[PDB]
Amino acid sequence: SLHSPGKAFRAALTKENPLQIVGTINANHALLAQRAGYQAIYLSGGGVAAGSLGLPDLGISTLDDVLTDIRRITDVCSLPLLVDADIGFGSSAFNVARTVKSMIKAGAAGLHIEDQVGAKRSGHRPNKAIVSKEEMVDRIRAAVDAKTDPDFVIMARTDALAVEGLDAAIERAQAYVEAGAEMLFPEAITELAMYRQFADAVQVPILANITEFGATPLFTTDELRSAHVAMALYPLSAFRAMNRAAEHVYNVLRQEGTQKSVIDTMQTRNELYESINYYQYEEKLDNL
């Protein structure tokens, strides 16, 4: 009985409501998130693009850019990792299936696929386009059918709220769940009551994307729990703070000609070592 990341993801859900899931930009941060107490983590598509590739979250990244990051993270962190699979990385059901089987094999616990057209955009940006309900239904069926691990999770995300309104988004969501989606990700919700309506209408775990500087208020876990939200996602929160701190170090070092004045903003060498279990490894080298 080999370990199933997906099974571990489903177990975390039953032990935390809502289950907080934080984006981890790289393997180091996955370890930091685990040490902080989280029971599940996330690989943001916008993060693979903007962080790993330094590019816009506009469907430019490829499946392999993401797989590389999944392997790096799951090779060292035992937490179940939910992965952003954008639209499935291809225009046919064959692409969706390969995507699903590859991510399962890379170590992921689950993934979400959205109903946007090819060159997708952040769910919190204007002018997004979505495929037909039928089009998305086929994507979902292909994904579910491709599962090699029954516990791997196939989550459906809908970007329809801002484009077709709430009733339309709910109808799509119900059809997606009927097609096999196991959990639902209604993107960029503006009101708490909406989460409740979605939850009541599809009766499968609901995810709330609590990202900064977008269309969604910074709801607390208490508020989300009252709306029956199953999980709270913070996709790029740590990444945003990491970039500001790094930018600060770069600027000060450039203007001052030394980093002395910003040493107090740095994780210490010992802290890094403790994060990666450094001493236990070096000791083994010394014993040779």
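Don't overthink the numbering: it's just position in the shown sequence, from 1.
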(request) Mind pulling up the entry and telling me whether 78-86 or 136-144 has the higher mean Cα temperature factor? (result) 136-144
(request) Look up the CA B-factors in the entry and say which stretch, 273-281 or 7-15, has the higher mean. (result) 7-15
(message) Given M194, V153, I113, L184, identify the residue with the highest C-alpha B factor in the PDB entry.
(response) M194
(message) Between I73, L207, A106, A215, which one tops the list for Cα B-factor in this entry?
(response) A215
(message) How does the C-alpha B factor of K260 compare with the rest of the chain: lowest, middle or highest third?
(response) highest
(request) Please rank the C-alpha B-factors of the chain's modelled residues and tell me whether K101 sits in the lowest, middle or highest third. (result) lowest
(message) Could you place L55 in the lowest, middle or highest third of its chain by Cα temperature factor, using the values in the record?
(response) lowest
(request) Place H228 in the lowest, middle or highest third of its chain's C-alpha B-factors, as listed in the PDB entry. (result) highest
